[PDB]
Structure formats: structure tokens, C-alpha cells
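One structure is given below, encoded as C-alpha cells.
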Amino acid sequence: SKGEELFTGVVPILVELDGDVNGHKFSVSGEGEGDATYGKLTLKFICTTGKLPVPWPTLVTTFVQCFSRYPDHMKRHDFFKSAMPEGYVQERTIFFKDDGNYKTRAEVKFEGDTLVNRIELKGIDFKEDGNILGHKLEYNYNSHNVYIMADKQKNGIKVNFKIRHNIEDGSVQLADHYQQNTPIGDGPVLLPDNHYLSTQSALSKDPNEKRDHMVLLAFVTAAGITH
Amino acid sequence: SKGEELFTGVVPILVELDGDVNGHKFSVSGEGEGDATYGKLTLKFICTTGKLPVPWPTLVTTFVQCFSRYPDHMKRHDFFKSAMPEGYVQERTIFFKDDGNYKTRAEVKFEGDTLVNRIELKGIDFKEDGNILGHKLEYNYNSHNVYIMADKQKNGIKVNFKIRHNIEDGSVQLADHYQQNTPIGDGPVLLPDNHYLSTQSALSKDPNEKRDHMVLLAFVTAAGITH
Amino acid sequence: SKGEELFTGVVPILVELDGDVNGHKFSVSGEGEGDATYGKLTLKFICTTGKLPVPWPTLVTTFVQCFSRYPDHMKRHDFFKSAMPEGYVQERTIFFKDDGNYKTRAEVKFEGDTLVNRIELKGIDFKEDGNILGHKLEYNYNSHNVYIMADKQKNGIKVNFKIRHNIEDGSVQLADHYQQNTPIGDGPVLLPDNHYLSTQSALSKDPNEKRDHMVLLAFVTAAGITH
Amino acid sequence: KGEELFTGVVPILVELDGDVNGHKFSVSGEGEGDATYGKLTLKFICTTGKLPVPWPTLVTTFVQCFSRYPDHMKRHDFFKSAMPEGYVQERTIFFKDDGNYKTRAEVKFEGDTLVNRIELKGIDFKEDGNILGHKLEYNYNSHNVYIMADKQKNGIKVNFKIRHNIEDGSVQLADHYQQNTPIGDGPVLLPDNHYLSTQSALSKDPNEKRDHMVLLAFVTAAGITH
């Protein structure tokens with residue numbers, strides 16, 4: 001696609017999130033860059049309102065699948081890049097098993113030379129001392145496959161996966177993600193055959209940073225198609 | 001699961017289809033056996049009403065995913081066998097791109113020692129000299145991945161994939177499958193995490209058979225989960 | 001490769017083996033066809049000297065990897081078709097754990113329009129009532145990955161894998177395969193990056209065949225490269 | 001038993017003495033690994049000054065014991081089985097149309113630290129080539145690392161081919177021939193054939209003045225379901 005050409009090098013990224021979980025309001029700003037050639041992202045996020053009222057790992061998926069590496073033999077299946085520069089809307093509901101849910105809406109588009117992800121998040125029905133509001137999730141992250149299908153009637157894609165968040169007591173908290181992406185612009189996009197994205201995420205801290213924050217490094221690679 | 005034990009050896013299979021495509025009525029009977037230990041199926045189908053009014057390859061998917069091989073580390077994700085012996089209802093719409101569609105409903109269950117697949121099929125809006133009613137498909141079959149997701153809210157699974165049917169002029173006819181599977185019985189069943197089945201199908205003819213028929217050998221293996 | 005073009009359709013196959021295992025001399029003739037577009041082989045083998053003195057499954061690997069399906073994105077890695085029509089020599093040692101070994105030399109090449117596999121096999125040091133000469137192997141077959149690497153100095157490849165043969169008492173007999181393939185002709189061949197072949201095999205009988213025999217259907221697909 | 005040593009975060013030390021076409025250098029590295037996620041974080045410093053070869057050419061030389069082996073493949077993890085006593089890792093790396101590295105390393109626990117001590121000899125490099133001429137980009141591709149048992153040495157043989165992107169758009173290949181053997185007398189796990197899928201991110205420390213490399217790696221075993 002034409003949008004693909006915008007990703008051949010290193011692209012600066014900005015992330016902005018306005019959040020409300022059980023009435024606790026908060027904001028996060030992020031910045032970094034993406035190198036889709038290697039399917040690699042580097043981002044740092046800061047809670048600018050003080051302490052983040054939910055665990056950092058619960059927000060990883062919310063904080064730019066246009067940086068996925070699509071191998072050459074799968075390049076006609078890259079919806080994300082095909083929607084650029086005008087972008088796409090990404091909406092999710094994330095159901096935390098035996099707990100509350102997040103609902104998110106984001107616009108992912110170029111603003112000048114920068115890929116910008118602007119999100120609104122609303123979380124409801126969380127348990128005051130469940131794993132989320134009780135901060136019981138470990139500061140780590142597992143590898144996942146993100147399943148993608150075309151949604152022709154909406155000129156976009158439907159996406160589903162289930163994050164496994166390790167809890168401090170040895171158990172796992174699941175977070176079931178129902179996701180849709182739809183183009184912002186009117187130009188044609190690539191609607192894919194079924195496939196998946198293999199995703200790895202490394203969370204760390206900036207030793208020079210005193211605010212509540214998260215450093216993220218991600219690798220994302222499309223797979224599953226040989227026709 | 002309990003139902004898993006029913007598939008440790010060779011199980012006889014019967015298949016019965018009653019069909020109507022654009023008003024053309026037909027019946028097909030099938031028989032053979034499955035060996036889920038190897039993900040292997042061998043079946044022969046006969047059109048008992050005369051000539052089959054659609055190409056045999058378009059019915060391959062319609063004609064027992066309980067015979068899939070689930071490797072030991074994925075056995076908790078085998079919905080199909082866990083629903084046995086009482087079985088499951090399998091419903092599909094199959095959309096032939098630029099052509100008509102099949103809607104099917106099937107009960108797959110043990111009747112005595114035999115696994116029985118009883119199907120009703122209705123096809124509508126087919127073009128009279130399209131690839132299907134014009135018999136323009138080659139007698140062959142590609143390898144496909146069948147994507148499975150849980151639908152817990154509806155007590156079953158949702159399955160999606162797109163068959164590529166090779167056409168006699170070198171093009172491909174796409175057949176987009178939307179499938180739902182629901183237990184028939186009351187007992188506990190396994191709802192899987194997202195995964196796929198890798199499917200290969202060999203079509204052939206019985207040299208001693210003068211009626212319109214298809215011999216089918218399949219291998220199906222589950223993949224995609226390491227957690 | 002130029003040799004690739006010889007496999008775009010269905011290609012008849014002939015197999016001939018002369019064997020001697022612990023002094024037991026036997027001969028097997030086989031015939032059928034291959035369709036590399038689908039990675040598919042169908043073959044029937046007959047022991048023309050009487051009863052086979054070793055179990056049929058032990059000879060499956062010996063009885064045409066040129067019929068593998070190489071996906072379009074991996075076609076530069078298909079050594080086997082590149083060596084045609086002049087062909088290649090395939091040599092193996094097969095070490096049956098806690099038992100004897102087979103040593104084989106085969107020529108695989110076109111003779112007219114037919115792909116012929118002509119093999120000499122020598123087996124030594126088998127135990128008289130071990131799993132092999134004692135006929136304790138089940139008539140079935142598991143799926144395997146066949147690992148391929150280039151051998152630049154021999155202008156060919158080196159191949160390794162270990163077959164798991166199921167035994168009648170529930171155990172497994174291992175057969176470790178050390179394999180080398182070299183071109184017969186002096187024309188250019190394709191030397192691959194490391195990859196593997198995913199292989200599935202279905203063994204059956206011809207109900208109207210009174211001779212000692214085996215019917216074989218195989219699917220083979222190359223994988224492991226996206227660069 | 002060696003498995004048990006990797007359930008949590010394990011500090012790492014790396015020490016390399018090198019000589020490439022007579023150019024002597026040393027590198028010290030440190031960080032940690034978390035095999036539960038197959039994840040490594042390491043920082044390397046050239047302590048002798050400028051590194052005389054590109055940082056990417058040394059990535060594979062600078063602890064496969066931190067690979068994630070999924071539960072169904074745990075019987076195939078040679079690397080951890082050799083711990084704490086360790087293994088020797090030897091390689092020849094052939095750079096196509098250029099010279100070669102030969103390495104010998106001991107990888108073992110020294111107290112609670114996993115330590116990788118390497119000797120590297122490089123020869124027959126072209127002074128104007130991709131390596132000594134510093135024409136490799138500061139990046140890294142994903143690779144599969146193919147492992148087989150070597151029963152008669154009671155270890156493994158490993159082969160793969162690194163693709164290093166060149167500053168003009170071409171690729172410099174580095175064919176790795178690798179062998180690992182136990183240092184101790186204890187039993188080890190000899191695996192069935194399989195591979196490790198490897199991803200590597202190279203970066204810089206914005207406050208580090210010395211010639212250095214920051215590396216993050218993810219490594220996961222695959223290919224077995226029997």
C-alpha cells in the first residue's frame with residue numbers, strides 16, 4: 001500500500017491517554033519511536049496526574065499495531081499501515097475475568113511526521129481490592145498471539161486475544177480483548193485474510209525517573225499466511 | 001475430558017446430507033472411520049440421487065472436527081471431543097465470493113459406537129454458469145488454517161476461515177466460512193483459548209465405483225498454544 | 001529453478017528397492033504419482049519376493065522429497081527440484097535405538113516423464129526378536145519435522161530427523177536418520193538456508209491385494225523461513 | 001536440577017578478550033536474565049577504547065540458558081541441565097567473502113551470577129570490508145537457531161546464519177557453526193531436533209561516553225510437540 005512507505009524508517013511516536021477507572025481520573029503521556037522494518041517499538045509513559053490508579057501492565061495493550069513487522073509474503077494483509085496517514089479508530093472492550101472492564105476508543109494517525117495514538121479509557125465495576133485496584137499484578141508481561149480477521153461490512157478488522165497477567169500470588173488474571181479497527185479516511189484499505197501477530201513486551205523503569213512511569217520495548221511480527 | 005477417551009482408537013463414521021441448491025435437491029451418504037490419535041480421517045461419499053449438482057470440493061468442509069489431533073499440551077482446548085458422546089450442533093454460512101451461499105446445520109454425535117454427522121444444506125442465489133453450478137472447480141484441495149475462538153456467552157465456539165478453491169482457468173474461488181458449534185448435552189464442556197487447526201485434504205476416486213462420488217483422506221492438527 | 005517447472009502438474013512415480021537385512025533378501029516395487037503443488041504423494045508398494053522380513057513402517061522414509069510443497073516465499077530453498085531432471089543421490093544411515101541399522105543408497109531422477117526412486121538397502125546387527133525382525137511395530141505413522149541444512153562442499157544438503165515408531169506394547173522405537181543428498185548432474189543447483197519439512201503419512205491396505213503390500217499417502221510442506 | 005536455578009531473575013556477567021587481525025580489545029558486560037520470559041537485558045562496554053569491529057558482529061558471542069523452553073519442551077533444554085557447573089560453547093563464524101571469528105567460552109555460575117567468559121580470535125578480514133570497514137548498520141534481524149544432539153560428545157551441535165544489514169542496502173551473512181559440551185560430570189538433557197526463535201534490540205545509553213552496546217533479547221524454543 002501507499003501507507004506502507006511511511007514506515008520504512010524510524011518514526012517518532014506520541015501517546016496521550018485520558019482515563020477514568022471507577023471514578024479515579026488520570027492522564028498518561030508517552031513518547032518514543034517505532035521501526036516497523038524490525039517490528040520494534042520503544043516507548044516511555046508517564047502518569048502526569050500522580051500515581052497511576054491501576055497497574056501499568058493492564059494498560060500495555062491500550063498504549064500502535066501499524067509498527068508490526070509484516071514479512072514480504074504477507075504484505076497485502078497489513079490493514080494498519082494501509083489506513084495511513086489518515087489513520088484508524090481502534091476501539092476495545094477489555095473484560096478482566098471476575099472483575100471490571102475497560103472500554104477504550106483511540107485514534108491512531110499521522111500528525112505531521114509523528115504517529116500519534118490518542119485514547120480515552122473508561123473502566124467500570126472494578127472490585128476495590130481485586131487484582132486491579134488492589135495492585136496485585138506483577139511488573140512483567142507474557143508473549144501473546146493477536147488474532148486478526150477482516151470485517152468487510154465495516155471496511156476494517158476484528159481482533160481478539162486474551163492477555164495473561166501474572167498475579168503476585170502465582171495465579172493469572174485474564175483480560176479478554178474484543179477489538180475493532182476502522183479507517184478514518186475514505187481511501188481504500190487492505191482487508192486481510194485471517195492471521196495473527198506474535199507479540200513480545202519488555203517492561204522496565206527509567207533509573208532517572210521519579211514520577212510513576214513505565215518503559216516499554218515491544219516486538220511484533222505477523223504470521224500464519226503462506227498463500 | 002471424559003469424551004476424549006471415546007477417540008483413543010479407530011471410530012466408525014457415518015455422514016448423511018440432504019441438500020437443496022437453487023432448488024436442485026440431492027442426497028449424499030458417506031462412511032469411513034477416524035483415528036484422532038493421528039488426526040486422520042478416511043471417508044467415501046456417494047450422491048445417491050444421481051449427479052451431484054455442485055462440485056464435490058465445495059462440500060468437503062460440510063462433510064467431524066472431533067477427529068483432530070490435539071497434542072498433549074493443548075488437550076484442555078479440545079471443545080469437540082469434550083462435547084461427546086452427546087455431541088454438538090455445527091452451523092455454518094459459507095459465502096462464495098461473487099456468487100451464492102450455503103447455510104448448513106449439522107448434528108455430530110455418537111449413535112451407538114458410530115460417530116454420525118447428519119447435515120441439512122440449503123444454497124441460494126447461485127449464478128447458473130458461475131464457478132459452482134457451472135462446475136468450474138478443479139478436483140483438488142488446498143491446505144488451510146481453521147481459526148477457533150470461544151464464545152462463552154453462547155456456550156460454544158466460533159470458527160472462521162476462508163477456503164481457496166482452485167478454478168480451471170488458474171484463478172481461485174473464495175469460500176468464506178462462518179461457523180458456530182454448540183453442545184447438545186447438559187454436561188461440562190471445554191471452552192478453548194484461541195488457536196487453529198492445520199488441515200490437509202486429499203481427494204480421489206474409487207476405481208470400482210460407477211456412481212458420482214468422492215474419496216477423502218484428511219489430516220487435522222491443532223496448533224498455536226504453548227501456555 | 002528450471003527443475004521446479006517439471007513438478008507443476010501430476011508426475012508418475014516408480015520405486016524399486018533391493019534389500020538385505022541380516023541376510024534376508026527381499027525386493028519391493030512401488031508405483032503411484034505426486035502433485036508437488038499440494039505436497040501430495042500417493043503410492044502403492046508390493047513385496048515381490050513374498051513376505052517382507054521387516055515391518056512396512058520401517059521402510060516408509062526409504063521409499064521422493066522433490067514432491068514437497070515449497071511455499072512461494074521459500075522456492076529458492078528447494079534443492080530437490082533444482083537437481084532435476086538429472087536427479088540426486090540420497091544416502092542414509094538409519095540407527096534403530098537398541099537395535100540394528102539400515103544403510104541406503106538411492107538415485108532419484110527422471111526417466112522420461114516418470115520420477116524414479118531406485119534404492120539399495122542393507123541392514124545389519126538386528127536382534128532376532130527385537131521390534132524390527134520380531135514384527136512388533138504398529139501399522140501406523142506419526143508426523144515429523146525433517147531438518148535440512150546446506151552442505152556447500154558436497155554441492156548438496158545434509159538432513160537429520162528421528163522417526164518415532166509406535167510399538168504394540170505402548171512404547172516407541174526410535175529411528176535416527178542421517179541423510180545426505182548430492183546432485184547427479186553438473187548443472188547449477190539451489191543450496192538452501194536452514195529450514196524443515198513438515199511431513200504426514202497415512203498407511204493403509206488395498207482390500208483386493210493378496211500380496212504383502214502397503215498403500216501410502218503423504219503430505220510434505222516446507223517451513224521455517226520468512227527472509 | 002539446573003532448571004531450578006532459572007525460575008527468577010539471575011544476574012549476568014560477560015567478559016570477552018578479543019584479537020581481530022591483530023587488533024586487541026576487551027569488552028565487559030553486565031545485566032540480568034529472566035528465562036521464564038526468555039528475556040535478557042545486557043550492557044557492554046569496550047574497556048580498551050574503540051571497538052575495532054561493529055557491535056552487531058559480536059551479539060551472538062556475548063547465554064542460551066536464558067531461553068524460554070515452554071513446559072511441553074522442558075526435556076529438551078540442554079543449556080539449563082548443564083548448570084551450575086556449566087558448558088563450553090565453541091564457534092566458528094564465517095563472514096561470507098571476508099574473515100572468520102573463532103570463539104571459545106565458558107558459561108557457568110560463579111556464586112549466584114551466570115558468567116560468560118569468552119576468548120575471540122578473528123583472522124583474514126579485509127581492511128576495507130564490511131567488518132573492519134564498519135559498514136554494518138546498528139540493527140539486528142530475527143533468526144532461528146537450529147539445535148541437534150551430539151550424543152558422542154554428550155552435548156549439542158548448533159547451526160544458523162546471521163543476516164547483518166549493510167549501510168548500502170545489501171546483507172552480510174555470518175554462518176555460525178557451534179558446539180556446546182558440559183564442563184561437569186553430571187547428567188545433561190540431549191534434545192530432539194528443535195530451534196530457538198531469537199529477537200534482538202540494540203540501543204545506546206544516552207549518558208554513556210565509552211564505546212558500548214545495550215542489548216535486549218527474547219529467545220523462545222519451538223518445533224517439538226511430541
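The chains in the C-alpha cells are called A, B, ... from first to last as shown; in each chain the residues are counted from 1, and the ligands are counted from 1 in the order shown.
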
Nearby residues (only C-alpha atoms) at most 8 Å from segment 156-171 of chain D, same-chain spacing under 5 positions excluded, as a PyMOL selection string: (chain C and resi 193-194) or (chain D and resi 56-57+78+130+135-137+139-141+143-151+176-181+190-191)

Per-residue DSSP, segment 44-208 of chain B, filtered to strand (DSSP E), as a PyMOL selection string: chain B and resi 44-47+88-96+101-111+114-124+144-151+156-166+172-183+195-204

Using 12 Å as the limit and counting only C-alpha atoms, can you tabulate each residue of chain A that touches chain C, with its shortest atom-to-atom distance in Å and the two atoms involved, as a tab-separated table?
```
residue	atom	partner	partner_atom	distance
A:38	CA	C:227	CA	11.9
A:69	CA	C:226	CA	11.2
A:70	CA	C:226	CA	9.9
A:71	CA	C:226	CA	6.4
A:72	CA	C:226	CA	7.9
A:73	CA	C:73	CA	6.2
A:74	CA	C:226	CA	9.7
A:75	CA	C:73	CA	12.0
A:221	CA	C:226	CA	10.9
A:222	CA	C:226	CA	10.6
A:223	CA	C:226	CA	9.4
A:224	CA	C:226	CA	11.1
A:225	CA	C:71	CA	10.0
A:226	CA	C:71	CA	6.2
A:227	CA	C:71	CA	7.3
```

Could you please take those selected residues and save C-alpha atoms as a compact mmCIF listing (two decimals), in the first residue's frame?
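Once everything was written out, this is selection_9.txt:
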```txt
# COMPACT_ATOMS: atom_id res chain seq x y z
CA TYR A 38 12.05 -4.87 12.59
CA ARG A 69 6.59 -6.39 11.00
CA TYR A 70 4.70 -7.97 8.12
CA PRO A 71 7.07 -10.28 6.18
CA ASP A 72 7.18 -9.57 2.44
CA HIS A 73 4.96 -12.56 1.62
CA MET A 74 2.20 -11.15 3.88
CA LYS A 75 2.36 -7.50 2.90
CA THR A 221 5.55 -9.93 13.89
CA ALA A 222 2.73 -11.05 11.62
CA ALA A 223 2.43 -14.76 10.85
CA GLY A 224 0.13 -17.52 9.69
CA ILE A 225 -0.24 -16.95 5.95
CA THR A 226 1.69 -18.78 3.20
CA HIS A 227 -0.79 -18.41 0.31
```

Within 9 Å of segment 79-83 of chain D: each segment 29-66 of chain D residue with its shortest pair, only C-alpha atoms, as a Markdown table:
```
| residue | atom | partner | partner_atom | distance |
| --- | --- | --- | --- | --- |
| D:63 | CA | D:79 | CA | 8.5 |
| D:64 | CA | D:79 | CA | 6.5 |
| D:65 | CA | D:79 | CA | 4.7 |
| D:66 | CA | D:80 | CA | 8.0 |
```

Resulting file, chosen residues, N, CA, C and O atoms, as a PDB file, in the first residue's frame:
```pdb
ATOM      1  N   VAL D  63      24.191 -16.738  26.001  1.00  0.00           N
ATOM      2  CA  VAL D  63      23.785 -17.316  27.302  1.00  0.00           C
ATOM      3  C   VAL D  63      22.426 -17.881  27.003  1.00  0.00           C
ATOM      4  O   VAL D  63      21.396 -17.413  27.507  1.00  0.00           O
ATOM      5  N   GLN D  64      22.454 -18.907  26.152  1.00  0.00           N
ATOM      6  CA  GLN D  64      21.253 -19.585  25.666  1.00  0.00           C
ATOM      7  C   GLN D  64      20.501 -20.348  26.755  1.00  0.00           C
ATOM      8  O   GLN D  64      19.373 -20.779  26.538  1.00  0.00           O
ATOM      9  N   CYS D  65      21.117 -20.475  27.940  1.00  0.00           N
ATOM     10  CA  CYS D  65      20.428 -20.940  29.132  1.00  0.00           C
ATOM     11  C   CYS D  65      19.257 -20.048  29.595  1.00  0.00           C
ATOM     12  O   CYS D  65      18.439 -20.491  30.392  1.00  0.00           O
ATOM     13  N   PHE D  66      19.162 -18.806  29.108  1.00  0.00           N
ATOM     14  CA  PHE D  66      18.025 -17.944  29.415  1.00  0.00           C
ATOM     15  C   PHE D  66      16.883 -18.050  28.424  1.00  0.00           C
ATOM     16  O   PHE D  66      15.917 -17.303  28.514  1.00  0.00           O
TER      17      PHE D  66
END
```

Within 10 Å of chain D: residues of chain C, using only C-alpha atoms, as a short mmCIF file (atom, residue, chain, number, x, y, z; two decimals) with C-alpha atoms, in the first residue's frame:
```cif
data_model
loop_
_atom_site.label_atom_id
_atom_site.label_comp_id
_atom_site.auth_asym_id
_atom_site.auth_seq_id
_atom_site.Cartn_x
_atom_site.Cartn_y
_atom_site.Cartn_z
CA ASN C 142 3.44 -40.20 13.33
CA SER C 143 4.00 -36.69 11.95
CA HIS C 144 7.61 -35.47 11.84
CA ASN C 145 9.76 -32.46 11.05
CA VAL C 146 12.66 -33.13 8.67
CA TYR C 147 15.58 -30.73 9.30
CA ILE C 148 17.60 -29.58 6.26
CA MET C 149 20.94 -27.73 6.03
CA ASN C 160 18.54 -35.16 10.05
CA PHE C 161 15.45 -36.34 11.89
CA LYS C 162 14.30 -39.10 14.24
CA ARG C 164 9.01 -42.37 16.30
CA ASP C 193 19.23 -21.82 4.21
CA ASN C 194 18.24 -23.98 7.13
CA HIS C 195 14.60 -24.96 7.13
CA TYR C 196 12.41 -28.02 7.67
CA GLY C 224 10.80 -22.09 8.74
CA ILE C 225 11.96 -19.24 6.50
CA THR C 226 10.47 -15.73 6.11
CA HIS C 227 13.54 -13.85 4.94
#
```

Residues near residue 62 of chain B, cut-off 9 Å, only C-alpha atoms, skip fewer than 2 positions along chain, as an MDAnalysis selection string: chainID B and resid 17 58:60 64 92 104 106 119 121

What does the file look like for those residues with C-alpha atoms, as an mmCIF file, in the first residue's frame?
```
data_model
loop_
_atom_site.group_PDB
_atom_site.id
_atom_site.type_symbol
_atom_site.label_atom_id
_atom_site.label_comp_id
_atom_site.auth_asym_id
_atom_site.auth_seq_id
_atom_site.Cartn_x
_atom_site.Cartn_y
_atom_site.Cartn_z
ATOM 1 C CA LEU B 17 -26.533 -34.935 3.839
ATOM 2 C CA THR B 58 -17.471 -27.259 -2.236
ATOM 3 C CA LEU B 59 -18.891 -29.838 0.180
ATOM 4 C CA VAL B 60 -15.612 -31.040 1.799
ATOM 5 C CA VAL B 64 -16.179 -34.047 12.144
ATOM 6 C CA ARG B 92 -22.398 -22.513 9.023
ATOM 7 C CA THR B 104 -25.849 -25.696 6.868
ATOM 8 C CA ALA B 106 -25.447 -30.493 11.362
ATOM 9 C CA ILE B 119 -26.492 -32.420 7.810
ATOM 10 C CA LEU B 121 -27.826 -27.844 3.471
#
```

One-decimal distance in Å that lies between atom CA of residue 120 of chain C and atom CA of residue 108 of chain C: 12.1 Å

Alpha helix (DSSP H) per DSSP on the backbone: members of segment 20-189 of chain A, as a ChimeraX atom specification: /A:79-82

Could the residues in this selection be saved with C-alpha atoms as a PDB file, in the first residue's frame?
```pdb
ATOM      1  CA  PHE A  79      -4.527  -3.188   7.214  1.00  0.00           C
ATOM      2  CA  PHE A  80      -2.877  -0.942   9.795  1.00  0.00           C
ATOM      3  CA  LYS A  81      -0.299   0.707   7.519  1.00  0.00           C
ATOM      4  CA  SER A  82      -2.750   0.850   4.587  1.00  0.00           C
TER       5      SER A  82
END
```

Selection near segment 20-31 of chain B, 8 Å with only C-alpha atoms, sequence-local residues under 6 positions removed, as a short mmCIF file (atom, residue, chain, number, x, y, z; two decimals) with N, CA, C and O atoms, in the first residue's frame:
```cif
data_model
loop_
_atom_site.label_atom_id
_atom_site.label_comp_id
_atom_site.auth_asym_id
_atom_site.auth_seq_id
_atom_site.Cartn_x
_atom_site.Cartn_y
_atom_site.Cartn_z
N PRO B 12 -15.76 -45.73 13.79
CA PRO B 12 -16.54 -45.68 12.53
C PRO B 12 -17.34 -44.38 12.45
O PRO B 12 -17.80 -43.88 13.47
N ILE B 13 -17.51 -43.88 11.22
CA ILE B 13 -18.17 -42.65 10.92
C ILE B 13 -19.26 -42.90 9.88
O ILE B 13 -19.06 -43.67 8.92
N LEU B 14 -20.41 -42.29 10.08
CA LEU B 14 -21.43 -42.21 9.02
C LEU B 14 -21.77 -40.74 8.83
O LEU B 14 -21.76 -39.98 9.81
N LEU B 43 -12.85 -41.20 4.39
CA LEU B 43 -14.28 -41.20 4.11
C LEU B 43 -14.54 -41.34 2.60
O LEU B 43 -13.78 -40.84 1.78
N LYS B 44 -15.62 -42.04 2.26
CA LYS B 44 -16.14 -42.09 0.90
C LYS B 44 -17.60 -41.62 0.93
O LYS B 44 -18.41 -42.06 1.75
N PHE B 45 -17.94 -40.77 -0.02
CA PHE B 45 -19.25 -40.19 -0.15
C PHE B 45 -19.80 -40.58 -1.50
O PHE B 45 -19.07 -40.58 -2.50
N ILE B 46 -21.08 -40.89 -1.50
CA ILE B 46 -21.82 -41.18 -2.73
C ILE B 46 -23.05 -40.29 -2.84
O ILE B 46 -23.83 -40.16 -1.91
N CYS B 47 -23.24 -39.68 -4.00
CA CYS B 47 -24.50 -38.99 -4.26
C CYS B 47 -25.54 -40.02 -4.67
O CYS B 47 -25.47 -40.57 -5.77
N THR B 48 -26.50 -40.28 -3.80
CA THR B 48 -27.44 -41.37 -4.02
C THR B 48 -28.58 -40.95 -4.95
O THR B 48 -29.37 -41.79 -5.39
N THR B 49 -28.66 -39.66 -5.28
CA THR B 49 -29.77 -39.20 -6.11
C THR B 49 -29.40 -39.08 -7.58
O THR B 49 -30.24 -38.68 -8.40
N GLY B 50 -28.15 -39.38 -7.93
CA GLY B 50 -27.65 -39.16 -9.28
C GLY B 50 -26.41 -38.30 -9.34
O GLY B 50 -25.49 -38.47 -8.52
N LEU B 52 -24.21 -35.13 -8.66
CA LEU B 52 -24.15 -34.03 -7.72
C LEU B 52 -24.27 -32.71 -8.48
O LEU B 52 -23.52 -32.49 -9.44
N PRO B 53 -25.22 -31.86 -8.12
CA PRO B 53 -25.43 -30.60 -8.86
C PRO B 53 -24.46 -29.44 -8.51
O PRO B 53 -24.52 -28.37 -9.14
N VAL B 54 -23.58 -29.65 -7.53
CA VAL B 54 -22.47 -28.71 -7.22
C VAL B 54 -21.15 -29.48 -7.25
O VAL B 54 -21.19 -30.70 -7.18
N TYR B 102 -24.11 -21.18 0.93
CA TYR B 102 -24.68 -22.34 1.59
C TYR B 102 -24.96 -21.97 3.05
O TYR B 102 -24.16 -21.29 3.68
N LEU B 121 -28.50 -28.93 4.17
CA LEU B 121 -27.83 -27.84 3.47
C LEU B 121 -28.81 -27.15 2.53
O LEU B 121 -29.51 -27.81 1.77
N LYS B 122 -28.85 -25.81 2.58
CA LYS B 122 -29.59 -25.02 1.62
C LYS B 122 -28.68 -23.98 0.99
O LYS B 122 -27.99 -23.21 1.69
N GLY B 123 -28.67 -23.94 -0.34
CA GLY B 123 -27.88 -22.99 -1.08
C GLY B 123 -28.80 -22.12 -1.93
O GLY B 123 -29.74 -22.62 -2.51
N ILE B 124 -28.52 -20.82 -1.98
CA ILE B 124 -29.37 -19.88 -2.72
C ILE B 124 -28.53 -18.84 -3.43
O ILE B 124 -27.38 -18.61 -3.06
N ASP B 125 -29.13 -18.20 -4.43
CA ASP B 125 -28.51 -17.09 -5.17
C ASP B 125 -27.26 -17.44 -5.96
O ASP B 125 -26.43 -16.57 -6.25
N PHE B 126 -27.12 -18.70 -6.35
CA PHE B 126 -26.02 -19.09 -7.21
C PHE B 126 -26.26 -18.71 -8.67
O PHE B 126 -27.38 -18.77 -9.14
#
```
